[PDB]
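Notes follow once the structure below has been shown.
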Amino acid sequence: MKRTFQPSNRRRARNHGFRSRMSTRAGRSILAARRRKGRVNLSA
Amino acid sequence: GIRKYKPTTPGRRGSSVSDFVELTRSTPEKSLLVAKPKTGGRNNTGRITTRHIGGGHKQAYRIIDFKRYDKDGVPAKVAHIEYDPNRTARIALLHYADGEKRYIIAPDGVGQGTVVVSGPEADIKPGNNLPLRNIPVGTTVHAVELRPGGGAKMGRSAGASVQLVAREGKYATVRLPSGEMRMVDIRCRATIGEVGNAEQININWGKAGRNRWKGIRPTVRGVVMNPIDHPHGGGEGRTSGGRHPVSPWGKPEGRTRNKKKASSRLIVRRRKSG
RNA sequence: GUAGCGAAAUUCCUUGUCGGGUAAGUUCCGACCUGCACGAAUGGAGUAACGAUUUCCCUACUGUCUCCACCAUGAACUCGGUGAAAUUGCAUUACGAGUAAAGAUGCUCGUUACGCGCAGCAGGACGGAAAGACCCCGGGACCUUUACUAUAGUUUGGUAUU
RNA sequence: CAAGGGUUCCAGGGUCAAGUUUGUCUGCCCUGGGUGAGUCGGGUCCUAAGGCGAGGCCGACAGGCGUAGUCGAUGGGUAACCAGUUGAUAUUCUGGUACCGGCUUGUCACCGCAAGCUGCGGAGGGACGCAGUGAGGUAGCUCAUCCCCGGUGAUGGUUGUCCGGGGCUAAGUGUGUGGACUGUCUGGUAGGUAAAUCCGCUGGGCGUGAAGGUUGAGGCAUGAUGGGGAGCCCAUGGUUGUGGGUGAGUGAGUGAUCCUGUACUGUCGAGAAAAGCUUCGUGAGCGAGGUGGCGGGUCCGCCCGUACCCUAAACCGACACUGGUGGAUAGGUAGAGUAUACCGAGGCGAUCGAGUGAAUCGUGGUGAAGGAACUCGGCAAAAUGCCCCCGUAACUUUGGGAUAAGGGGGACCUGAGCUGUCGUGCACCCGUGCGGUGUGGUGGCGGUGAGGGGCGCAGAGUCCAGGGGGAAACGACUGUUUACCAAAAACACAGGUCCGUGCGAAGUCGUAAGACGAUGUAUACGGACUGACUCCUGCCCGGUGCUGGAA
RNA sequence: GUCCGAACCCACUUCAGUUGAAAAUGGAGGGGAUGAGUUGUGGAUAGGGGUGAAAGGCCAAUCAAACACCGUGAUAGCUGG
Ligand SMILES: CON(C)Cc1ccc(O)c2c1C[C@H]1C[C@H]3[C@H](N(C)C)C(O)=C(C(N)=O)C(=O)[C@@]3(O)C(O)=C1C2=O
Ligand SMILES: [Mg+2]
Ligand SMILES: [Mg+2]
Ligand SMILES: [Mg+2]
Ligand SMILES: [Mg+2]
Ligand SMILES: [Mg+2]
Ligand SMILES: [Mg+2]
Ligand SMILES: [Mg+2]
Ligand SMILES: [Mg+2]
Ligand SMILES: [Mg+2]
Ligand SMILES: [Mg+2]
Ligand SMILES: [Mg+2]
Ligand SMILES: [Mg+2]
Ligand SMILES: [Mg+2]
Ligand SMILES: [Mg+2]
Ligand SMILES: [Mg+2]
Ligand SMILES: [Mg+2]
Ligand SMILES: [Mg+2]
Ligand SMILES: [Mg+2]
Ligand SMILES: [Mg+2]
Ligand SMILES: [Mg+2]
Ligand SMILES: [Mg+2]
Ligand SMILES: [Mg+2]
Ligand SMILES: [Mg+2]
Ligand SMILES: [Mg+2]
Ligand SMILES: [Mg+2]
Ligand SMILES: [Mg+2]
Ligand SMILES: [Mg+2]
Ligand SMILES: [Mg+2]
Ligand SMILES: [Mg+2]
Ligand SMILES: [Mg+2]
Ligand SMILES: [Mg+2]
Ligand SMILES: [Mg+2]
Ligand SMILES: [Mg+2]
Ligand SMILES: [Mg+2]
Ligand SMILES: [Mg+2]
Ligand SMILES: [Mg+2]
Ligand SMILES: [Mg+2]
Ligand SMILES: [Mg+2]
Ligand SMILES: [Mg+2]
Ligand SMILES: [Mg+2]
Ligand SMILES: [Mg+2]
Ligand SMILES: [Mg+2]
Ligand SMILES: [Mg+2]
Ligand SMILES: [Mg+2]
Ligand SMILES: [Mg+2]
Ligand SMILES: [Mg+2]
Ligand SMILES: [Mg+2]
Ligand SMILES: [Mg+2]
Ligand SMILES: [Mg+2]
Ligand SMILES: [Mg+2]
Ligand SMILES: [Mg+2]
Ligand SMILES: [Mg+2]
Ligand SMILES: [Mg+2]
Ligand SMILES: [Mg+2]
Ligand SMILES: [Mg+2]
Ligand SMILES: [Mg+2]
Ligand SMILES: [Mg+2]
Ligand SMILES: [Mg+2]
Ligand SMILES: [Mg+2]
Ligand SMILES: [Mg+2]
Ligand SMILES: [Mg+2]
Ligand SMILES: [Mg+2]
Ligand SMILES: [Mg+2]
Ligand SMILES: [Mg+2]
Ligand SMILES: [Mg+2]
Ligand SMILES: [Mg+2]
Ligand SMILES: [Mg+2]
Ligand SMILES: [Mg+2]
Ligand SMILES: [Mg+2]
Ligand SMILES: [Mg+2]
Ligand SMILES: [Mg+2]
Ligand SMILES: [Mg+2]
Ligand SMILES: [Mg+2]
Ligand SMILES: [Mg+2]
Ligand SMILES: [Mg+2]
Ligand SMILES: [Mg+2]
Ligand SMILES: [Mg+2]
Ligand SMILES: [Mg+2]
Ligand SMILES: [Mg+2]
Ligand SMILES: [Mg+2]
Ligand SMILES: [Mg+2]
Ligand SMILES: [Mg+2]
Ligand SMILES: [Mg+2]
Ligand SMILES: [Mg+2]
Ligand SMILES: [Mg+2]
Ligand SMILES: [Mg+2]
Ligand SMILES: [Mg+2]
Ligand SMILES: [Mg+2]
Ligand SMILES: [Mg+2]
Ligand SMILES: [Mg+2]
Ligand SMILES: [Mg+2]
Ligand SMILES: [Mg+2]
Ligand SMILES: [Mg+2]
Ligand SMILES: [Mg+2]
Ligand SMILES: [Mg+2]
Ligand SMILES: [Mg+2]
Ligand SMILES: [Mg+2]
Ligand SMILES: [Mg+2]
Ligand SMILES: [Mg+2]
Ligand SMILES: [Mg+2]
Ligand SMILES: [Mg+2]
Ligand SMILES: [Mg+2]
Ligand SMILES: [Mg+2]
Ligand SMILES: [Mg+2]
Ligand SMILES: [Mg+2]
Ligand SMILES: [Mg+2]
Ligand SMILES: [Mg+2]
Ligand SMILES: [Mg+2]
Ligand SMILES: [Mg+2]
Ligand SMILES: [Mg+2]
Ligand SMILES: [Mg+2]
């Protein structure tokens, strides 16, 4: 059937992209937390 | 007028439609249109603040001159009478005798070719716009300004009518279509005559679809909701509200006008009653 | 408690009573009113048309049935290849009448039974799957209100702005 | 093709793993290779929804909103086609022939408070719904005694039209047939943010009763002496390609979902924006007496994508999963059809098999007599089914009910006449040299056919394809709903009533500013209940609520 | 918001499946099919909140208050060890 994940690169980049995260202070703190943890992927 | 539909199909059975006899032109003036995207009843916060709004046929806004006093003394010919989807009245397209074209609410009785004018020395004819000090007492006007220079705000819908009853001092007393008696500044402008298309209220839409493309979404009455959704919600089987009638937000029925504002200019309340 | 309607999606008694339909009708349709406990915009009574709605009947039609038979196929079955699953205290795991935590393969007294497989059927192992969803007790959640205590909001007056 | 995937694509080597079996094979592994654009799809251009937002306003802080702006396609704008080639790429490379923008150059013509260029805006334009019919075309398709290239048949016949195949070419340019568009010459001018000679609004003169002009469905010409297109050659090389051998390009029927066409007609629910573009000036600067125009020549033309899968074994579903996935093309015969049956272009034989008349389960098939006796219940199945013609009840809101019900005919052979269209041809208007027009043609093709006839159990012979009637309850109706046990009598609904709201509306979101309501104004808006329509809607204000009043 | 009927959308009945081909489907029928239709792309509304032709429905395969992390080794007169 139609499943939950329907990919769209533009929507993904607008939602979880680096600039989207940098727009708000919550996203900036998320990037900081991922940097502290050591993720190689800071954002989508 | 109104044209009654024949009962060929259900939903067309009791319905009716205006015959559009007064329209002289089936297209609008291109230079007086702006885009009017739909809101769906949503706020600038993106939430529904006015319910029951959405969908409907696409519409283009017609720029209506509700001031009329920046063309004082310039006669205009009523070039056309045409349809405005944004209102229950018709719109008269006016060709001023200087090249400027404009739109007004079409007064009842005016048609293609008649000459309208604005100003204190304007003649008292339907469609002419004058200050209230110059409009004679006992006259039926429309498109009345609350504050001088603010533009038309009262008596604008189809068939609307305002009665000028007195001009004592620096205030003119007007009976609004609600029947309320109100005082306004004599310098406030008004257009002679009443609004046309007065018979549109008798239109039977006869069809859920016609309001659906008029832009009205279905209305779910609160008594068939759940208690979390509406104070009238709940109950086993069909019930009443289980309480006195209230709004979906728990506000009891009652007068809601702010008792302390411009009440010093209201002579008597509308007196709907029964 | 009016018009209207009434054993009704409402009638407990109840398969009320009478009438129609059937060879036979607790359902049905028309009546009666004795309305346990109808009723007029939480609308009353009707209503052509509409309905994958509910109910009754007639006709046509048939394997629905009397009453099943036969045919072909995908599994099943045999051979070669590949190869799981839930479950699992144990094992060389009968029946009868008993007995016992009151329903026994396992205890008593008897009876029967050579060892091991294959295809099958589901009576039992209180079979498997889900720390019963009913009940009660403890806790929680959400909902309600003329429960308590508060509060946003709305409103009153004072005072500052004055 | 898009989305998504990301090297799966190609060649060679490999068979541990993966593949529901095997495997020499692979979408697997290993190595190397493969994607070429001024025109295609995006960016360099434009805006929609929406996002962000200099200042700004609002908010203890954090922040909210928003102006000027600036982004943002799913839309607007925008110049190229055919053929050929590779193991893998092709509106990209190559061939042929075009187009667009620059730079530069040759030549001709022209300007000069007064060139031009660039900014800046004005106006025009871009620019818009839904539904329907018809007309003129073309694509396509069919047929052919016509033109080509073959064939003469394993078994009776098969050298005449008997059989098979083919009967082709683009963008661009020119032409201007249908069709469409369009009076002309001057004057004035409260408007178009600064202006306008470009617009708008108005005054006159003349004016066919259309005549020119402008335009451009197709056709023709050109592009094209080219390209493409079968079987004959010493030969090739023997699952091969080379050089010659390419032959034809006819006519009719039928006919679009395409073109004219945003046409035309109908219609209420009244159907984006902005830029490019044309023109107008000048609220800006540049700029010399140098530019700007029309034909001709040279060079310059950027970035990203381009392989491959893609109604799927490569995407979304943990799988190489009977599921889901937007768009384009979509031939023949029977048919109303994009249904269905069998076929075409093309692609597949499906990723464990071999057997064997067990019971049994699934999936189909048939059935004597009976025909709902089954069962909670006609559940399932059967019957009915198509077209044409005849005919059709209670009731009704006059529309319906209705395909009511209930009947007849259908295919095959032959076939008189009637028609669609074309036709060499007759005469004729000819504006002929018109790409024409009306009479008019033995005929070809197609459609339709009264009548007559044949055969069978059966002629809508297969697939496909309503059972019908009577009555009651509920809801008027079409719709909507518990994704994953309830589709209903529930919700909605059109209609109705009451209450609120005089506009900074009430109401709602928010701390606020603001916003929706609404660029609406009481014939409106918000809330409540009721729920088409018909006839109606009684009595009670004590209680509670609401409204008003204030001793 | 006509009728019959494909695509398309739906999900009424039945059978099968129910360690499925499939964490909701398949076969046979069935409803809508010019409309309150359906669908693509992008966008908006966010957790006591959204949205809801209203079923407490839906909000990333279990919603009478999502998910993740944190307070946190919550607490449990209860069950187990
Ligand atoms: C008519 O009486 N019969 C005997 C009962 C019954 C009959 C038919 C059914 O189809 C179901 C049930 C019981 C309910 C129980 C429900 C319950 N829940 C509502 C709290 C629950 O606890 C679970 C669960 N997941 O544990 C469920 O399954 C549940 O939701 C569900 O679906 C049910 C059913 O399907
Ligand atoms: Mg998801
Ligand atoms: Mg314009
Ligand atoms: Mg915001
Ligand atoms: Mg509403
Ligand atoms: Mg409106
Ligand atoms: Mg409910
Ligand atoms: Mg509440
Ligand atoms: Mg309630
Ligand atoms: Mg009750
Ligand atoms: Mg009885
Ligand atoms: Mg009883
Ligand atoms: Mg009886
Ligand atoms: Mg009453
Ligand atoms: Mg009542
Ligand atoms: Mg009642
Ligand atoms: Mg009712
Ligand atoms: Mg009733
Ligand atoms: Mg009825
Ligand atoms: Mg139904
Ligand atoms: Mg019978
Ligand atoms: Mg088998
Ligand atoms: Mg085996
Ligand atoms: Mg005992
Ligand atoms: Mg025993
Ligand atoms: Mg024993
Ligand atoms: Mg022992
Ligand atoms: Mg055994
Ligand atoms: Mg067995
Ligand atoms: Mg057993
Ligand atoms: Mg058990
Ligand atoms: Mg327990
Ligand atoms: Mg449970
Ligand atoms: Mg259970
Ligand atoms: Mg509690
Ligand atoms: Mg919970
Ligand atoms: Mg105060
Ligand atoms: Mg004070
Ligand atoms: Mg790629
Ligand atoms: Mg590789
Ligand atoms: Mg790979
Ligand atoms: Mg490969
Ligand atoms: Mg293997
Ligand atoms: Mg290999
Ligand atoms: Mg290989
Ligand atoms: Mg730019
Ligand atoms: Mg914007
Ligand atoms: Mg700032
Ligand atoms: Mg820009
Ligand atoms: Mg952009
Ligand atoms: Mg390729
Ligand atoms: Mg090519
Ligand atoms: Mg080339
Ligand atoms: Mg402009
Ligand atoms: Mg427009
Ligand atoms: Mg022979
Ligand atoms: Mg041929
Ligand atoms: Mg001027
Ligand atoms: Mg000016
Ligand atoms: Mg035609
Ligand atoms: Mg490529
Ligand atoms: Mg390719
Ligand atoms: Mg394909
Ligand atoms: Mg698949
Ligand atoms: Mg996968
Ligand atoms: Mg045919
Ligand atoms: Mg088919
Ligand atoms: Mg083939
Ligand atoms: Mg394929
Ligand atoms: Mg496989
Ligand atoms: Mg066997
Ligand atoms: Mg059968
Ligand atoms: Mg037989
Ligand atoms: Mg029989
Ligand atoms: Mg028989
Ligand atoms: Mg019979
Ligand atoms: Mg019986
Ligand atoms: Mg029986
Ligand atoms: Mg049935
Ligand atoms: Mg059948
Ligand atoms: Mg009829
Ligand atoms: Mg009939
Ligand atoms: Mg005949
Ligand atoms: Mg027959
Ligand atoms: Mg047929
Ligand atoms: Mg009755
Ligand atoms: Mg009854
Ligand atoms: Mg209904
Ligand atoms: Mg209704
Ligand atoms: Mg329905
Ligand atoms: Mg829906
Ligand atoms: Mg369901
Ligand atoms: Mg209403
Ligand atoms: Mg307010
Ligand atoms: Mg506003
Ligand atoms: Mg109701
Ligand atoms: Mg009283
Ligand atoms: Mg009272
Ligand atoms: Mg009071
Ligand atoms: Mg319909
Ligand atoms: Mg689809
Ligand atoms: Mg269901
Ligand atoms: Mg089952
Ligand atoms: Mg229907
Ligand atoms: Mg978004
Ligand atoms: Mg409930
Ligand atoms: Mg969910
Ligand atoms: Mg909570
Ligand atoms: Mg909620
Ligand atoms: Mg703590
Ligand atoms: Mg503990
Ligand atoms: Mg325990």
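Hydrogens, waters and symmetry mates are skipped; everything else that's a heavy atom, side chains included, is used. Residue numbers begin at 1 in each chain, while the letters A, B, ... track the order of the sequences.
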| request: Kindly check if C/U93 and C/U92, neighbours in the strand, have base rings whose centres sit closer than 5.5 angstrom and whose planes are less than 30 degrees apart? | output: no
| query | For RNA chain D, whose closest nucleotide is more 5', that of B/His232 or that of B/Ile53? | reply | B/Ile53
| Distance-only donor-acceptor test (3.5 Å): side chain B/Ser178, base D/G502 | yes
| Counting only side-chain N and O atoms of B/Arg243, is one of them less than 4.0 Å from OP1 or OP2 of D/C529? | no
| Would you say B/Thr114's side chain and B/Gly111's backbone share a donor-acceptor pair under 3.5 angstrom? | no
| With centres under 5.5 Å and planes under 30°, do A/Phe5 and D/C316 count as stacked? | no
| Presence of A/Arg11 side-chain N/O under 4.0 Å of E/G42 phosphate oxygens OP1/OP2 | yes
| query | OP1 or OP2 of E/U51 sitting under 4.0 Å from any side-chain N/O of B/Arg51? | reply | no
| said: If you compare every side-chain N and O of B/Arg255 against the phosphate oxygens of D/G548 (OP1, OP2), does one of them come in below 4.0 Å? | reply: yes
| query | Run the side-chain contact (heavy atoms from CB on, under 4.5 Å) check on B/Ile203 and B/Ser18 step by step: do they pass? | reply | CA-CA 7 Å; B/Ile203 285 168; B/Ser18 45; 4.2 Å; yes
| Does B/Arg238 have a side-chain nitrogen or oxygen under 4.0 Å from the phosphate oxygens OP1 or OP2 of D/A490? | yes
| query | Looking at the angle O4'-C1'-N9-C4 for a purine or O4'-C1'-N1-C2 for a pyrimidine, is D/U74 syn or anti, with syn meaning within 90° of 0? | reply | anti
| field | Under-3.5 Å donor-acceptor pair between B/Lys30 side chain and D/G126 base | value | yes
| Hey, what do you get for CG (B/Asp185) to OH (B/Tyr171), rounding to the nearest 0.5 Å? | 6.5 Å
| query | Can a donor-acceptor pair under 3.5 Å be found between the side-chain atoms of B/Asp229 and the base atoms of E/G52? | reply | yes
| request: Could you say whether B/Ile228 or B/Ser240 is positioned toward the 5' end of RNA chain C, judged by the nucleotide with the nearest heavy atom to each? | output: B/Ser240
| B/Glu29, B/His80, B/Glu82 screened by side-chain hydrogen bond (donor to acceptor under 3.5 Å, both in side chains) with B/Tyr103, the one that passes | B/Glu82
| Is there a donor on the side chain of B/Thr49 or the base of D/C516 sitting less than 3.5 Å from an acceptor on the other? | yes
| field | Phosphate OP1/OP2 of D/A494: any B/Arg12 side-chain N/O under 4.0 Å | value | no
| task | Please answer whether D/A190 and B/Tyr96 are stacked, defined here as ring centres separated by less than 5.5 Å and planes angled under 30°. | result | no
| query | Checking only heavy atoms, does the side chain of B/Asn44 share a donor-acceptor pair with the base of D/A515 at less than 3.5 Å? | reply | no
| In whole Å, what separates the P atom of D/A476 from that of D/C493? | 12 Å
| request: Could you check B/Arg269 against B/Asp84 and say which one's nearest nucleotide on RNA chain D is further toward the 5' end? | output: B/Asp84
| said: Here's a test of your reading of the structure: between B/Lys251 and B/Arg13, which maps to the more 5' nucleotide of RNA chain C? | reply: B/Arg13
| query | Is any side-chain nitrogen or oxygen of B/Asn43 closer than 4.0 Å to OP1 or OP2 of D/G514? | reply | no
| field | B/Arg47 side chain near D/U508 phosphate (N/O to OP1/OP2, under 4.0 Å) | value | no
